[PDB]
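Q: Following this message is one structure expressed as structure tokens.
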Amino acid sequence: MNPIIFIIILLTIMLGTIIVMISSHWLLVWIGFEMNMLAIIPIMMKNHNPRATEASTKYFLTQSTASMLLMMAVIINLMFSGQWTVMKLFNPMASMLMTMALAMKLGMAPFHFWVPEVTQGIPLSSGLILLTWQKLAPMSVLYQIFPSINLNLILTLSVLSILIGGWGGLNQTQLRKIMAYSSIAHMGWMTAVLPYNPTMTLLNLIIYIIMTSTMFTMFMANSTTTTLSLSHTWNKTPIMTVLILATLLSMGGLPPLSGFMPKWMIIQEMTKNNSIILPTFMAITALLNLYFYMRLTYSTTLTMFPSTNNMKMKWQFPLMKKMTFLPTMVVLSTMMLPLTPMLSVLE
Amino acid sequence: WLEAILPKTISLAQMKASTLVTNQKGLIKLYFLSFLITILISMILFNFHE
Amino acid sequence: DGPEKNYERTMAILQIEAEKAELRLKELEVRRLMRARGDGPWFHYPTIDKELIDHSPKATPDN
Amino acid sequence: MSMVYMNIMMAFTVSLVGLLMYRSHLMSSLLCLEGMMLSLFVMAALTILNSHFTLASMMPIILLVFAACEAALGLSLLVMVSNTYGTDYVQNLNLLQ
Amino acid sequence: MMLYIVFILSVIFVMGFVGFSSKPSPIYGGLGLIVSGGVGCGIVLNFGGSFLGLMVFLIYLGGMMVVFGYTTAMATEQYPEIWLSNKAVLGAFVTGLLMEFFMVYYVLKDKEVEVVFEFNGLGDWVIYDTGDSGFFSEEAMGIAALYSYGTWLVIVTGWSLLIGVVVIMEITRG
Amino acid sequence: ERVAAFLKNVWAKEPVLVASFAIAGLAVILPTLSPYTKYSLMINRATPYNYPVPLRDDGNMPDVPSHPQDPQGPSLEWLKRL
Amino acid sequence: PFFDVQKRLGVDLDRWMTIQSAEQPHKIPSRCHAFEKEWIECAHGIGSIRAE
Amino acid sequence: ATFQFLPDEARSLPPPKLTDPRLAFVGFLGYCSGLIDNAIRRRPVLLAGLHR
Amino acid sequence: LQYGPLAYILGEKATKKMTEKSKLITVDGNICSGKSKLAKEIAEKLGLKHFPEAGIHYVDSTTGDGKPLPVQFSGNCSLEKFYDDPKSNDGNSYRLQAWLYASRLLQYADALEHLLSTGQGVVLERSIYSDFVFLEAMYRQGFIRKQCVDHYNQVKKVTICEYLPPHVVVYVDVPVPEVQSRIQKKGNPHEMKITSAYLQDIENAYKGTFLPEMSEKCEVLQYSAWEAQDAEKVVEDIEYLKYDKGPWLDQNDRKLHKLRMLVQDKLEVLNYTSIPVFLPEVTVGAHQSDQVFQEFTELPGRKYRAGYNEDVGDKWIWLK
Amino acid sequence: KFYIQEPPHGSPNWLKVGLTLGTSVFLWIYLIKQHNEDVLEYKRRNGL
Ligand SMILES: CCCCCCCCCCCCCCCCCC(=O)OC[C@H](COP(=O)(O)OCCN)OC(=O)CCCCCCCCCCCCCCCCC
Ligand SMILES: CCCCCCCCCCCCO[C@@H]1O[C@H](CO)[C@@H](O[C@H]2O[C@H](CO)[C@@H](O)[C@H](O)[C@H]2O)[C@H](O)[C@H]1O
Ligand SMILES: CCCCCCCCCCCCO[C@@H]1O[C@H](CO)[C@@H](O[C@H]2O[C@H](CO)[C@@H](O)[C@H](O)[C@H]2O)[C@H](O)[C@H]1O
Ligand SMILES: CCCCCCCCCCCCO[C@@H]1O[C@H](CO)[C@@H](O[C@H]2O[C@H](CO)[C@@H](O)[C@H](O)[C@H]2O)[C@H](O)[C@H]1O
Ligand SMILES: CCCCCCCCCCCCO[C@@H]1O[C@H](CO)[C@@H](O[C@H]2O[C@H](CO)[C@@H](O)[C@H](O)[C@H]2O)[C@H](O)[C@H]1O
Ligand SMILES: CCCCCCCCCCCCO[C@@H]1O[C@H](CO)[C@@H](O[C@H]2O[C@H](CO)[C@@H](O)[C@H](O)[C@H]2O)[C@H](O)[C@H]1O
Ligand SMILES: Nc1nc2c(ncn2[C@@H]2O[C@H](COP(=O)(O)OP(=O)(O)OP(=O)(O)O)[C@@H](O)[C@H]2O)c(=O)[nH]1
Ligand SMILES: [Mg+2]
């Protein structure tokens, strides 16, 4: 890709998301999703191989199907209220379709099958956009229509995502599939608290984006896409193993790291609503995620895996990738718990 | 009680569940067919459309 | 530290903590009523703005 | 509701089921995707026309334009898939399992 | 009766959808969609949507569906399999028609049917607007308003179409 | 001078594109310079598509005619002489 | 909107099409103009919980 | 207000002190980011790029 | 500016600097074939940059102070040990070959980076396109295991596909007995232990595989030992080539920008030369890897990124 | 010249150093000026 075209396509991705977040009209929300999808396909295809073509095709079909269901919900809403305003919907059938459409876009279980495959089939930089920026638009709609959302449906989607995301990650050695199942589990926490306190959805979303961006950036810095490739980092960039260790433990929700804060604040909100079984089940199930984060820390940081002779050649050359914002992101990924009350800025 | 809550028994369960979740054919046809089953039982068994 | 300084320092700590506990309990009660009745600034979900309505004479009279 | 809404809603469902029950040709699924859009256009036009909601008259056109541009992207991916395996069968798109 | 033309068209509309949704060869699936598109225009015409109806012919049928058929000739099929020669297509085709017929038979007899949801059967003519004598097409006034009210709609639509050109060239370069 | 010899080259080699750019340039510039552009808005305004609903006379409307042929109200004398 | 840029900048990007009782070309009214107008005015500023 | 970071009414409240303990912690986090920047690029961690 | 998209957007495009003399030329042949001499003459006559054959210490020559590093930092690969004990149990044979391929891969990137950045052509002595002949010869003599060949092809498959082939391939065909006679004349004690069978396998690999393949996409010029001495005639032939084959004709500023973005990043160049394929010859265990790396960081001007080493006289560190 | 090749950071990028110090200076001036105006407006609104 021409560097100027790449920038223009990236801005179109951003503009599609922004349109969704500033629109008060359902048609413009739908247009935002269409624009966003149109511009995201070229960055998935940018390395021109059969796996990239398969990923883009599977992505296109899933997102296109969801956008059709979103439009169907919009028209049903128009039939029963005679208006297009982006807010609660005025028909239960429209609410179910819109909720399922957005769950499909987010990749929540049991509409989750595309996320591991699409992420595996596209470059790390494209996966970073897919699993972070692309969550903003569907979540911003869910933030506005949640009063009309069926509580049983949304909590069922949340519980299944935490279970599927946790179990799916245990069997993975590919770093992009691990991140994909991590994403599915984390969307579950975001939507579980949505009916009770949407502010905690935003808090979990922002913190998730920061840690996920950190992990993808560190994977890109070393061009690692597999567990065994990542296990060579100790014999090249020892510092990077420590950063990876801390970030993974944060993503595991261990105190006193930043990734504890969203799980902690979400448990608080549901208990205030006399919801005890659900937070307890979710916290225990999230130990599945902690297990396969810990496995990565074992092979990356806490043990020294075997190396290769040709690695000595790498010792002589500096790390020249941009690694943009990594020092900032990694510090926020790990050391923000003392500043937790700052979550009220999102209110 | 021992067989129920051993480290070996809990670990095997999750390992078995993980293979159920992850052992997929990778076919567009099967994933979308599961979407159809999901939407039907959402309305027929759980009345999520109400 | 002398026993009077610790003793009266404890009272200052207790006053702050006791006041915070009372405010925490009120907030749970205030939130419960606002959400159930929608008569407060919280849980104020938007409704369509009436300044968007056109009040001029229309092409036909019955409206 | 009116009679027509029964059949128009049914047509959307039929094409949705058709889309979710893949066969072999990827083209056949793109047709079901475009059938869903057709019924959406007809359903929206009928609602907008019947209610005399004048400014919404442009909405079905905007839907048609974006959907067709969206269908163009789908056809581009189909030809790239077909250039790789010689057919557009969806059972070839299983490398990422 | 002619008073039920819209309902009759909507019945054919559904059969066309069963035609290509059972997914025969995409050559015939495309034909089923062309017929549905033409019938879809007919429905829209009878609700006063002259301009919107003709856009279906011009854009949906004369534009998008031509490219669909064009691409099918290149990348999908050149010869078609005998229509209904597959058990699955015929089963789906027969399944849809019978479901459609049972819906139509009961609504006509009762002037109302309950397929999941409640539907009337008196006729579509009953919901129509009664008084009209403006000296213009209201449907045309709304679409023309795109250029005076929808500055925002034009910009984003215009941008997306330009991006479509850029993107498709990137996708197909290889 | 540098631009003058540039135009001569395009005129000799790509006259079709030179005409296109010139015609399109005139389309974007001339409406701002034409003195008749203001009458386009006036004529469009003067065309009465919908009924002119009369006002209720409160006695404080000296500028509102009581009858169509009265001397108050917008005039189209400018349009007749146009 | 999630980010109410329109209100904050005082620019109308899409609010003009949101409801059928808004200003229309040539003052053409919708069939349910008076009904939508009445419901909007009743429900204005009290919130959807109260309005329902 | 709508889509305003600090509405005008917020100016009645006392400003945070420049010696706020939370602000010092934020400053400390910034210092840590500076060191990690040096480390990932194999610069002398403490001395390198004081301007940065 | 450091080269990147911003520099590219501002005009730094390969076609604006590449002329008709911007050619990559590689000289190939058997051992002791006088290719080093012919390569040196072509560069001088044509005004191209000459690249000596990439040996064990080629990477040492491009980093730090340019001087060769001790052997532990090269993995104890020894060309001398290869002749004396080609079947040694320490896996020296394949470890050397895997190391040598990586050195050539680095040199080819250095060559391409030079050509794309300045427009001046380069002359190489063998390359990653012809390195396999030694691998095939080693395998056919039983010096390396079959699994070693599989590892070599795995690495080659995911590296060579990124780079364009030479514009010109110059092959100097010296018959094996003549080479076997010249090796003895050269008076190298270890090299004199080579066998004709090994030399014959090297020759077979060029003619069987290399030359036919490169002909499909390169201009291939062949010479004998006598015809090779006439450098002017060889340079005359090169200047009269047509250039109508190979992928170089499909290149444009866009594609060469992506190629220049790769070859300038040496860690990205070597990314796959150390894939985690645990093969005994090239696998190093953690304790040895750990302490050798620690020793490397202690070498002069190696602890920190170049420009931040006070022990070698770098200044203004507190502003760099 | 110890290095066989000129390092990218052999000499400091003086412009970038000037920008870095300039931005830090500007931000500190803006913050203190902002803080002072917050204090004065805080006291005017509460009549201190
Ligand atoms: C304050 C409120 C917030 C509280 C939450 C806790 C915040 C702390 C987490 C901050 C984020 C992680 C950043 C940690 C900085 C690590 C830098 C460091 O200590 O040195 C790394 C070390 C240096 O390696 P290198 O520079 O490449 O070469 C050495 C030659 N002199 O690299 C090595 O030599 C590798 C050594 C082998 C790996 C050992 C792994 C065990 C030690 C890990 C310690 C960090 C664990 C972080 C978890 C939190 C701890 C409470
Ligand atoms: C993925 C499958 C997609 C298939 C989409 C099929 C189209 C669906 C059309 C839905 C439109 C009709 O939707 C349905 O209409 C009736 C008519 O008032 C509503 O009314 C019904 O439910 C509520 C319940 O209190 C009341 O209005 C009333 O008791 C009852 O008649 C339903 O609440 C509404 O859900
Ligand atoms: C009270 C809540 C407790 C929450 C606990 C947190 C969940 C942790 C999930 C771990 C599940 C997977 O853990 C996995 O278990 C199996 C045990 O069969 C191990 O597998 C090992 O044992 C099995 C047989 O026992 C062998 O066939 C296998 O070759 C061997 O590798 C895996 O090495 C381990 O990774
Ligand atoms: C006057 C305003 C009226 C509104 C006009 C509407 C805007 C239309 C924008 C079209 C922009 C096209 O811009 C056009 O780009 C090409 C780039 O190849 C330039 O042309 C250049 O590239 C071509 C390559 O094909 C070369 O053969 C040519 O020698 C070189 O000059 C033209 O000098 C420029 O006219
Ligand atoms: C890549 C994006 C390209 C976008 C290109 C946009 C080109 C736009 C060019 C012309 C736009 C405005 O075109 C024209 O400009 C003049 C400028 O006063 C306006 O003004 C003119 O008409 C009005 C109407 O009463 C008069 O009052 C005024 O005296 C007269 O000057 C016109 O009403 C407008 O029709
Ligand atoms: C990819 C490119 C992205 C670039 C984004 C640039 C943003 C463009 C902003 C367009 C909207 C500008 O702001 C909006 O313009 C239109 C026309 O001027 C105005 O609309 C005007 O025309 C009709 C006439 O009645 C009505 O909509 C309204 O009565 C009137 O105000 C709006 O009052 C104004 O709020
Ligand atoms: N095992 C192995 N040896 C190699 C490789 N490249 C060179 N060598 C050895 O390096 C030694 C010298 O290389 P040559 O250039 O071919 O011989 P030379 O006499 O020095 O050079 P010329 O006579 O000019 O051709 C030879 O013994 C080669 O076998 C290689 O890729 N693998
Ligand atoms: Mg030699």
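Ordered as shown in the structure tokens, chains take letters A, B, and onward, while each chain numbers its residues from 1 and ligands are numbered from 1 in the order shown.
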Name the residues, by chain letter and number, that sit within 9 Å of ligand 4 using only C-alpha atoms and all ligand atoms, and give them as a ChimeraX atom specification.
A: /F:10,17-18,20-29
Q: Distance table requested - chain D against chain B, cut-off 9 Å, only C-alpha atoms: one row per qualifying residue with the closest atom pair and its distance in Å to one decimal, ordered by chain and rising residue number, as JSON lines.
A:
```
{"residue": "D:16", "atom": "CA", "partner": "B:36", "partner_atom": "CA", "distance": 8.9}
{"residue": "D:17", "atom": "CA", "partner": "B:36", "partner_atom": "CA", "distance": 7.2}
{"residue": "D:19", "atom": "CA", "partner": "B:32", "partner_atom": "CA", "distance": 8.1}
{"residue": "D:20", "atom": "CA", "partner": "B:32", "partner_atom": "CA", "distance": 5.0}
{"residue": "D:21", "atom": "CA", "partner": "B:33", "partner_atom": "CA", "distance": 5.7}
{"residue": "D:22", "atom": "CA", "partner": "B:29", "partner_atom": "CA", "distance": 5.1}
{"residue": "D:23", "atom": "CA", "partner": "B:29", "partner_atom": "CA", "distance": 7.1}
{"residue": "D:24", "atom": "CA", "partner": "B:29", "partner_atom": "CA", "distance": 8.4}
{"residue": "D:90", "atom": "CA", "partner": "B:28", "partner_atom": "CA", "distance": 6.7}
{"residue": "D:91", "atom": "CA", "partner": "B:27", "partner_atom": "CA", "distance": 6.2}
{"residue": "D:92", "atom": "CA", "partner": "B:27", "partner_atom": "CA", "distance": 8.3}
{"residue": "D:93", "atom": "CA", "partner": "B:27", "partner_atom": "CA", "distance": 6.8}
{"residue": "D:94", "atom": "CA", "partner": "B:26", "partner_atom": "CA", "distance": 4.9}
{"residue": "D:95", "atom": "CA", "partner": "B:26", "partner_atom": "CA", "distance": 7.2}
{"residue": "D:96", "atom": "CA", "partner": "B:26", "partner_atom": "CA", "distance": 6.1}
{"residue": "D:97", "atom": "CA", "partner": "B:26", "partner_atom": "CA", "distance": 4.2}
```
Q: Give me, as a VMD selection string, the contact residues of chain G against chain H at a cut-off of 10 Å, counting only C-alpha atoms.
A: chain G and resid 1 to 9
Q: Distance limit 8 Å, reference ligand 5, atoms considered: only C-alpha atoms and all ligand atoms. Which residues make the cut? Give them as a CSV table (one decimal) with N, CA and C atoms, in the first residue's frame.
A:
```csv
chain,number,residue,atom,x,y,z
F,27,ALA,N,-17.5,26.4,-14.1
F,27,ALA,CA,-18.7,26.0,-13.3
F,27,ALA,C,-18.6,26.3,-11.9
F,28,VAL,N,-17.4,26.3,-11.3
F,28,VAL,CA,-17.2,26.5,-9.9
F,28,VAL,C,-17.0,28.0,-9.6
F,29,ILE,N,-16.6,28.8,-10.6
F,29,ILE,CA,-16.2,30.2,-10.3
F,29,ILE,C,-17.4,31.2,-10.8
F,31,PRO,N,-20.7,31.3,-10.9
F,31,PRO,CA,-21.8,31.7,-10.1
F,31,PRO,C,-21.5,32.7,-9.1
F,32,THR,N,-20.3,32.8,-8.6
F,32,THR,CA,-19.9,33.8,-7.7
F,32,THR,C,-19.7,35.2,-8.3
F,33,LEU,N,-19.5,35.2,-9.7
F,33,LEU,CA,-19.3,36.5,-10.4
F,33,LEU,C,-20.5,37.0,-11.1
F,34,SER,N,-21.4,36.1,-11.5
F,34,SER,CA,-22.6,36.5,-12.3
F,34,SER,C,-23.5,37.4,-11.5
F,35,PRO,N,-24.0,38.5,-12.1
F,35,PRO,CA,-24.9,39.3,-11.4
F,35,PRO,C,-26.4,38.8,-11.4
F,37,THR,N,-27.2,35.7,-10.5
F,37,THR,CA,-27.3,34.5,-9.6
F,37,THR,C,-28.3,34.9,-8.5
F,38,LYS,N,-28.5,36.1,-8.1
F,38,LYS,CA,-29.4,36.5,-7.1
F,38,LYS,C,-30.8,36.3,-7.5
F,39,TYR,N,-31.1,36.5,-8.8
F,39,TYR,CA,-32.5,36.3,-9.2
F,39,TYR,C,-32.9,34.8,-9.2
F,40,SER,N,-32.0,33.9,-9.2
F,40,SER,CA,-32.4,32.5,-9.1
F,40,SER,C,-33.0,32.2,-7.8
F,41,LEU,N,-32.5,32.7,-6.7
F,41,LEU,CA,-33.1,32.5,-5.4
F,41,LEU,C,-34.5,33.2,-5.3
F,42,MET,N,-34.6,34.4,-5.9
F,42,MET,CA,-35.8,35.2,-5.8
F,42,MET,C,-36.9,34.5,-6.6
```
Q: Once you count only C-alpha atoms and all ligand atoms, which residues end up within 9 Å of ligand 3, and could you hand them over as a ChimeraX atom specification?
A: /A:166-167,170-171,284-292,295 /B:5,7-16,18
Q: If you keep N, CA and C atoms, can you produce a file of those selected residues as an mmCIF file, in the first residue's frame?
A:
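And here is the file that came out, selection_9.cif:
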```cif
data_model
loop_
_atom_site.group_PDB
_atom_site.id
_atom_site.type_symbol
_atom_site.label_atom_id
_atom_site.label_comp_id
_atom_site.auth_asym_id
_atom_site.auth_seq_id
_atom_site.Cartn_x
_atom_site.Cartn_y
_atom_site.Cartn_z
ATOM 1 N N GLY A 166 -12.676 -18.249 27.992
ATOM 2 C CA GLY A 166 -11.777 -18.924 28.913
ATOM 3 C C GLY A 166 -11.362 -20.300 28.430
ATOM 4 N N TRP A 167 -12.327 -21.102 27.976
ATOM 5 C CA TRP A 167 -12.007 -22.463 27.560
ATOM 6 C C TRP A 167 -11.246 -22.477 26.244
ATOM 7 N N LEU A 170 -7.299 -22.081 26.352
ATOM 8 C CA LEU A 170 -6.450 -23.097 26.960
ATOM 9 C C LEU A 170 -5.721 -23.935 25.919
ATOM 10 N N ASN A 171 -6.314 -24.127 24.744
ATOM 11 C CA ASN A 171 -5.781 -25.030 23.734
ATOM 12 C C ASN A 171 -4.918 -24.327 22.694
ATOM 13 N N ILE A 284 -14.651 -16.658 39.158
ATOM 14 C CA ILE A 284 -14.041 -17.983 39.161
ATOM 15 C C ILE A 284 -13.722 -18.423 37.740
ATOM 16 N N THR A 285 -14.660 -18.222 36.815
ATOM 17 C CA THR A 285 -14.419 -18.611 35.431
ATOM 18 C C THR A 285 -13.255 -17.839 34.830
ATOM 19 N N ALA A 286 -13.025 -16.610 35.287
ATOM 20 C CA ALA A 286 -11.912 -15.821 34.779
ATOM 21 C C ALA A 286 -10.561 -16.389 35.182
ATOM 22 N N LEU A 287 -10.523 -17.360 36.097
ATOM 23 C CA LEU A 287 -9.271 -18.046 36.390
ATOM 24 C C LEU A 287 -8.791 -18.866 35.199
ATOM 25 N N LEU A 288 -9.706 -19.308 34.336
ATOM 26 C CA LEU A 288 -9.294 -19.966 33.103
ATOM 27 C C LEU A 288 -8.383 -19.064 32.286
ATOM 28 N N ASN A 289 -8.734 -17.783 32.172
ATOM 29 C CA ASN A 289 -7.861 -16.841 31.486
ATOM 30 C C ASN A 289 -6.534 -16.703 32.208
ATOM 31 N N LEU A 290 -6.570 -16.589 33.533
ATOM 32 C CA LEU A 290 -5.331 -16.437 34.278
ATOM 33 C C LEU A 290 -4.402 -17.616 34.047
ATOM 34 N N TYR A 291 -4.956 -18.804 33.813
ATOM 35 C CA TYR A 291 -4.108 -19.971 33.612
ATOM 36 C C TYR A 291 -3.277 -19.846 32.340
ATOM 37 N N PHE A 292 -3.903 -19.505 31.217
ATOM 38 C CA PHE A 292 -3.142 -19.468 29.977
ATOM 39 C C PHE A 292 -2.424 -18.144 29.762
ATOM 40 N N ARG A 295 0.775 -19.461 31.671
ATOM 41 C CA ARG A 295 1.555 -20.344 30.818
ATOM 42 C C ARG A 295 2.495 -19.544 29.930
ATOM 43 N N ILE B 5 -13.137 -33.229 43.350
ATOM 44 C CA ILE B 5 -12.488 -31.928 43.464
ATOM 45 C C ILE B 5 -10.974 -32.075 43.561
ATOM 46 N N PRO B 7 -7.163 -31.849 42.035
ATOM 47 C CA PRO B 7 -6.539 -31.032 40.979
ATOM 48 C C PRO B 7 -6.551 -31.719 39.630
ATOM 49 N N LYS B 8 -6.399 -33.042 39.622
ATOM 50 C CA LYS B 8 -6.397 -33.786 38.370
ATOM 51 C C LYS B 8 -7.785 -33.807 37.743
ATOM 52 N N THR B 9 -8.831 -33.894 38.565
ATOM 53 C CA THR B 9 -10.187 -33.969 38.031
ATOM 54 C C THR B 9 -10.657 -32.617 37.508
ATOM 55 N N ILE B 10 -10.380 -31.540 38.244
ATOM 56 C CA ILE B 10 -10.745 -30.211 37.763
ATOM 57 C C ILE B 10 -9.965 -29.873 36.502
ATOM 58 N N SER B 11 -8.671 -30.190 36.482
ATOM 59 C CA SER B 11 -7.847 -29.865 35.323
ATOM 60 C C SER B 11 -8.309 -30.617 34.081
ATOM 61 N N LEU B 12 -8.672 -31.892 34.233
ATOM 62 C CA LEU B 12 -9.146 -32.668 33.090
ATOM 63 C C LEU B 12 -10.438 -32.094 32.527
ATOM 64 N N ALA B 13 -11.354 -31.674 33.402
ATOM 65 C CA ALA B 13 -12.626 -31.131 32.944
ATOM 66 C C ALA B 13 -12.412 -29.938 32.024
ATOM 67 N N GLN B 14 -11.615 -28.962 32.465
ATOM 68 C CA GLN B 14 -11.359 -27.790 31.635
ATOM 69 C C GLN B 14 -10.623 -28.174 30.358
ATOM 70 N N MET B 15 -9.660 -29.090 30.459
ATOM 71 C CA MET B 15 -8.971 -29.571 29.268
ATOM 72 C C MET B 15 -9.950 -30.212 28.295
ATOM 73 N N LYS B 16 -10.877 -31.021 28.806
ATOM 74 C CA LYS B 16 -11.890 -31.620 27.947
ATOM 75 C C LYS B 16 -12.820 -30.561 27.370
ATOM 76 N N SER B 18 -12.099 -27.472 26.811
ATOM 77 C CA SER B 18 -11.349 -26.667 25.855
ATOM 78 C C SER B 18 -11.302 -27.330 24.485
#
```
Q: Within 10 Å of chain G, which residues belong to chain F? Use only C-alpha atoms and report them as number ranges by chain.
A: F: 48-50
Q: For N, CA and C atoms, I'd like the residues from the last selection saved as an mmCIF file, in the first residue's frame.
A:
```cif
data_model
loop_
_atom_site.group_PDB
_atom_site.id
_atom_site.type_symbol
_atom_site.label_atom_id
_atom_site.label_comp_id
_atom_site.auth_asym_id
_atom_site.auth_seq_id
_atom_site.Cartn_x
_atom_site.Cartn_y
_atom_site.Cartn_z
ATOM 1 N N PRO F 48 -45.414 29.898 -5.603
ATOM 2 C CA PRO F 48 -46.225 29.459 -4.461
ATOM 3 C C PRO F 48 -46.748 28.040 -4.591
ATOM 4 N N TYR F 49 -46.042 27.074 -4.008
ATOM 5 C CA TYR F 49 -46.488 25.691 -4.094
ATOM 6 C C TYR F 49 -47.671 25.423 -3.175
ATOM 7 N N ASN F 50 -47.631 25.943 -1.955
ATOM 8 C CA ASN F 50 -48.660 25.704 -0.957
ATOM 9 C C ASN F 50 -49.505 26.953 -0.740
#
```
Q: Pick out the residues sitting within 7 Å of residue I:31, and hand them over as a PyMOL selection string; count only C-alpha atoms, and ignore anything fewer than 2 positions along from it in its own chain.
A: chain I and resi 29+33+179
Q: Would you output that residue set with N, CA, C and O atoms, as an mmCIF file, in the first residue's frame?
A:
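Final file, out-v4.cif:
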```cif
data_model
loop_
_atom_site.group_PDB
_atom_site.id
_atom_site.type_symbol
_atom_site.label_atom_id
_atom_site.label_comp_id
_atom_site.auth_asym_id
_atom_site.auth_seq_id
_atom_site.Cartn_x
_atom_site.Cartn_y
_atom_site.Cartn_z
ATOM 1 N N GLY I 29 30.665 -19.887 -9.095
ATOM 2 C CA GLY I 29 31.614 -20.872 -9.567
ATOM 3 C C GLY I 29 31.935 -21.857 -8.468
ATOM 4 O O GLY I 29 31.360 -21.826 -7.383
ATOM 5 N N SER I 33 38.065 -20.966 -8.278
ATOM 6 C CA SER I 33 37.717 -20.722 -9.672
ATOM 7 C C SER I 33 38.081 -19.320 -10.130
ATOM 8 O O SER I 33 37.686 -18.920 -11.228
ATOM 9 N N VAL I 179 40.356 -27.361 -10.791
ATOM 10 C CA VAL I 179 40.167 -26.822 -9.447
ATOM 11 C C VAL I 179 40.961 -27.640 -8.441
ATOM 12 O O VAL I 179 41.649 -27.093 -7.572
#
```
Q: Counting only C-alpha atoms and all ligand atoms, what residues are within 7 Å of ligand 7, given as a ChimeraX atom specification?
A: /I:29-37,53,79,82,93,96-97,100-101,131,134,191
Q: Set the distance at 12 Å and use only C-alpha atoms: which residues neighbour residue I:154 once local chain neighbours fewer than 3 positions away are removed? I'd like the list as a PyMOL selection string.
A: chain I and resi 98+147-151+157-161+272-277
Q: Show me, as a list in words, every residue of chain A with an atom at most 10 Å from chain H, counting only C-alpha atoms.
A: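 Taken together, these residues fit the definition: residues 221, 237, 238, 239, 240, 243, 318, 319, 320, 321, 323, 325, 326, 327, 328, 329, 330, 331, 332, 335, 336, 338, 339 and 345 of chain A.
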Q: Can you list every residue of chain G that has an atom at most 7 Å from chain C, with its nearest atom pair and the distance in Å to one decimal, using only C-alpha atoms, ordered by chain then number, as CSV?
A:
```
residue,atom,partner,partner_atom,distance
G:21,CA,C:53,CA,5.4
G:22,CA,C:53,CA,4.5
G:23,CA,C:54,CA,5.0
G:27,CA,C:58,CA,4.8
G:28,CA,C:59,CA,5.4
G:29,CA,C:58,CA,6.1
G:33,CA,C:63,CA,6.1
G:34,CA,C:63,CA,5.0
G:37,CA,C:53,CA,6.9
G:40,CA,C:50,CA,5.9
G:41,CA,C:50,CA,5.6
G:43,CA,C:47,CA,6.5
G:44,CA,C:47,CA,6.0
G:45,CA,C:47,CA,6.5
G:47,CA,C:44,CA,5.1
G:48,CA,C:45,CA,5.4
G:49,CA,C:38,CA,5.3
G:50,CA,C:38,CA,5.6
```
Q: Could you tell me which residues of chain J sit within 9 Å of chain I when counting only C-alpha atoms, and give me the result as a list in words?
A: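 Going by the stated atoms only, the list reads residues 1, 2, 3, 4, 5, 6, 7, 8, 9, 10, 11, 12, 13, 14 and 17 of chain J.
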Q: Residues of the last selection are to be written out with C-alpha atoms, as a JSON list (two decimals), in the first residue's frame.
A:
```
[["chain", "number", "residue", "atom", "x", "y", "z"],
["J", 1, "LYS", "CA", 35.65, 7.25, 14.90],
["J", 2, "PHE", "CA", 35.13, 4.04, 16.86],
["J", 3, "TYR", "CA", 32.13, 2.91, 14.82],
["J", 4, "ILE", "CA", 32.63, 1.38, 11.40],
["J", 5, "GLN", "CA", 29.44, 3.21, 10.37],
["J", 6, "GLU", "CA", 27.99, 6.51, 11.52],
["J", 7, "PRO", "CA", 25.31, 5.76, 14.14],
["J", 8, "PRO", "CA", 21.86, 7.25, 13.58],
["J", 9, "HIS", "CA", 22.22, 8.96, 16.99],
["J", 10, "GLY", "CA", 25.89, 9.88, 16.73],
["J", 11, "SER", "CA", 24.99, 13.53, 17.30],
["J", 12, "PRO", "CA", 21.88, 14.87, 19.05],
["J", 13, "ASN", "CA", 19.06, 16.11, 16.83],
["J", 14, "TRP", "CA", 19.33, 19.70, 17.97],
["J", 17, "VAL", "CA", 15.98, 18.81, 21.55]]
```
